[PDB]
Amino acid sequence: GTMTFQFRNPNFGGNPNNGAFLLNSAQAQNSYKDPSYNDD
Amino acid sequence: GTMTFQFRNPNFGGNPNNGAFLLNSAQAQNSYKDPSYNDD
Amino acid sequence: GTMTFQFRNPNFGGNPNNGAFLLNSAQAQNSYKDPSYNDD
Amino acid sequence: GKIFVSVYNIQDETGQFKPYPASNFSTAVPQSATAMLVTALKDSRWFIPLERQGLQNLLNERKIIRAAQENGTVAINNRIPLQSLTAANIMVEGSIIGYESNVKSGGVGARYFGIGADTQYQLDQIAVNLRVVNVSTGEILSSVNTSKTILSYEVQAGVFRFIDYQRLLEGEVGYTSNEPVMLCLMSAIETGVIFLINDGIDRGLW
Amino acid sequence: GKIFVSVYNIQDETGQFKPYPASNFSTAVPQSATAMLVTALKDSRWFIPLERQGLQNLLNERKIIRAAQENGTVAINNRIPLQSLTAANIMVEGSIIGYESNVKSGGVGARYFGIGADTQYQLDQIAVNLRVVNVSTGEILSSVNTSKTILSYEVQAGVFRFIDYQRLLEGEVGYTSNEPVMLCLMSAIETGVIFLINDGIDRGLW
Amino acid sequence: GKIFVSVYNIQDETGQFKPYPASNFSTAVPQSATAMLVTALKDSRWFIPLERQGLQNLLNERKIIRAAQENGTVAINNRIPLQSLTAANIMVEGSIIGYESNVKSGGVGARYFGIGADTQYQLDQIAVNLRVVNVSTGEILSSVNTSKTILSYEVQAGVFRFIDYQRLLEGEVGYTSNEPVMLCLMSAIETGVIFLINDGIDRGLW
Amino acid sequence: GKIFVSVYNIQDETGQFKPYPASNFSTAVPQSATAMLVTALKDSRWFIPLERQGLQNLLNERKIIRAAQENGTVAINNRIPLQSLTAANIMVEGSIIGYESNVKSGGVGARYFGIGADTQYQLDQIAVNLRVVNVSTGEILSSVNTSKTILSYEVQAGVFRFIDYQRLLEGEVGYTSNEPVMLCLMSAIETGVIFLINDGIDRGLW
């Protein structure tokens, strides 16, 4: 069938229900800590 | 009937309502702890 | 009428609104505790 | 001796179409009676069907035959002797007089901790009317209404419990069988044909 | 010697259209029998098909031929000798008498911690009726109902677990194969043609 | 010497329309065979096509020509000598006998921490039947069923991880290529034409 | 000297309609060839087109003219001398043989902390077949299939970060350009006309 390129990111490409996942799946892999606490 | 291959992951394959589950069912099986706490 | 076999699990079978239940009804019956706390 | 029977049109008078998700124009009963009925009358060793459905195609083919050999120039090997369109003593008209969706639905499903299983069933019902009419006078000799149920069932089972502290085992196996409405319509037409033959036997004819 | 056979129209009498997401006007069975059947009769070395589907185009082309050389002014090299429209001894009518969607669906899918895999299958069923009618008298010599299942399966697998503390590995590989309804309809017509040839062999004709 | 061939109508007998999101009336196969086929027969140096599709327009234009110079008052420079409508020895009928959507779908997609990439592909299949019929007698000389797959693939990749404490880098690059069904139908017609020419070579004709 | 060419109808044989959100009846290709083609043949200084599309309107207007001055009572100043409907030596038939939507889609989009930007493009493809047929004999003199891609792109950019503690700066600027399918169809017809003229030059005619 006809395949149309659609962006997955809600930014630049519309599909908004795809956002709450993309962010919660990027915070679930955020291994970066505040440079204030747990640092010098 | 005609079967069409559709991805289940909201990343690469569109269906966004399938996200909040895929992540909450992957955190409900996350047996990996922070290498800082409960470690050396 | 015509009956079509549809998977109930959002994994392998599409219907995503069926996820938040399947997991919350599997955690509401999770009688397995952490092998660290409440153990040896 | 076999009886020449002319089946003209077994019309889909049920008027029903298939519900969602099927198309709006997707009729619930095949439009292909007068082909299942000619097959049923041919299979029973009592009748010789005549075409009468595609009779215009037969008439144009006979036009072509009669125009190809009307000059006597066709080879005497490959010439086709047209005798006459064979006439039928009786005529089996009829209809698919009804298709009720889900005359009887139902289903039992149990599910204990994690593991569960269910079953569903739906009975559609197709009714076919067949009328042997006497071509000489026009009166209806026999008229039978036959019914046939169409059972569509579905058995599923599934596991969604935790096996270990944080090891989730999901899984499921299903199966679903719909009786083809074409086979059930053919069975209804078959039973109606057996009824017509036995009725013609039971009163004078045949 | 081969038998001249005139296939006029193998009508799509299934009446079914494709369900969602397909169009509402998208018929489930190709409207292109009488082209698959002429191909099946040509491929079997028993029959010589005659066009009879596009017979009007052939008749207008013969009008043009007979009008181009009726003055004797066309060059004797590029003149076309019209003999006569070849006549057919038999005539193979028929229909696509049914298409039941999902006569048998099913699927098993398991998924342990993260990694999982599933399979689905759906059997559609297409039934084709073929009738060799004798053009001389009009009676149906042979009538066969053939069936063919159309298997559409789909195998998928996927990983969505964590590899490290905060490193999520999602991934999945799938595959999906639907048998083309045109190829299955051609196979049903092929089996019906073999049945018709063997039946004509088994009783007198052919 | 080239053979005059009259292509009347290569009908879209697939009956399929495009699924959602496309229109309901948007047919899956172009209605423009008999223009791709005349182009294929013209490109192969074996045939001279005759119009026969728009023959009525040609006949009205010839009416206008014959009415413009029937008084002998047109200038002898710009008068058009009508000879006769050139007759065709053979006639290539045919159809687009089928279009199955997604005879084979599939796709593999992986995604580690943040960065991921996937691929999808779908094979449609279009089948075209071509029949060289002999205009003199009407019998079908050759009949070929050709197939052609239509590959529509899509490759995407995307990054959605954090670069710093609170600096989110989202980004993605995709590409998607559908083979035009018109080009694949033209390729199927081309292969069918080569098959017809080679078949006419292999038995007597041509 | 210029060649009189009669363009009767350049039919929209693509069969495609526009997808959602456009209407279901909104055809993807204009139905207005035979007006773009007459314009293309008029613009090239080789041909004089004749109407032939609206020929019935011309014939009724000539009826009115011939009925207004058949009594000799019209003023000799405002009388219109009808000579004859000018005849065409050749005839350019054709079609819009295809319109494939998104033969090649794609797009790259990046977005760092807050500020981001993306680009999309889609190539439709329209194919037009043009056939110069010789009105004297009816054979197709020339047949060309031309293609033309229709590029629809869209460039966007957007800022959604915080400027101060609690001061949110959202903003975005976009742009989107679709090549008009009418202009691309006119370009395809133009290239086809140049091809036809050069082909007629390269073999005898013109």
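The first chain written gets the first letter, and so on, giving A, B, C, D, E, F and G; residue counts start at 1 in each chain.
In this section, contacts are C-beta pairs under 8 Å (C-beta built on N, C-alpha and C of every residue); 3 or more make two chains touch, one makes a residue touch a chain.
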item	value
Which listed pair, A-E, A-F or A-G, duplicates the contacts of B-E in over half of its pairs	A-F
Pair joined by more contacting C-beta pairs (A-E or A-G)	A-G
Whole-Å gap between the CA centroids of chain F and chain G	20
Cα-centroid distance, chain C relative to chain E, in whole angstrom	44
Chain G residues counted as touching two or more neighbouring chains	101-102, 105-107, 109, 111, 116
Two or more partner chains touched - positions in chain C	2-5, 7, 9, 11-12, 22
Complex interface listing, chain F residues touching chain A	18-19, 21-22, 101-102, 113-114, 120, 122, 124, 152-154, 156, 158, 160-162, 164-166, 168, 170, 172, 174-176, 178
Residues of chain A touching chain F in the complex	1-5, 7-9, 11, 22, 25-26, 29-30, 32-35
Residue ranges of chain C touching chain B (in the complex, touch as defined)	4, 10-12, 14, 16-17, 19-20, 22-23, 27, 36
Chain B partner contacts - residues on chain D that touch it in the complex	165-168
For the chain E and chain F complex, residues of the former touching the latter	4, 12, 18, 20-27, 29-32, 35-36, 38-39, 42-43, 48-51, 53-55, 57-58, 60-62, 64-65, 67-69, 71, 73-74, 78-86, 154, 163-164, 166-183, 185-186
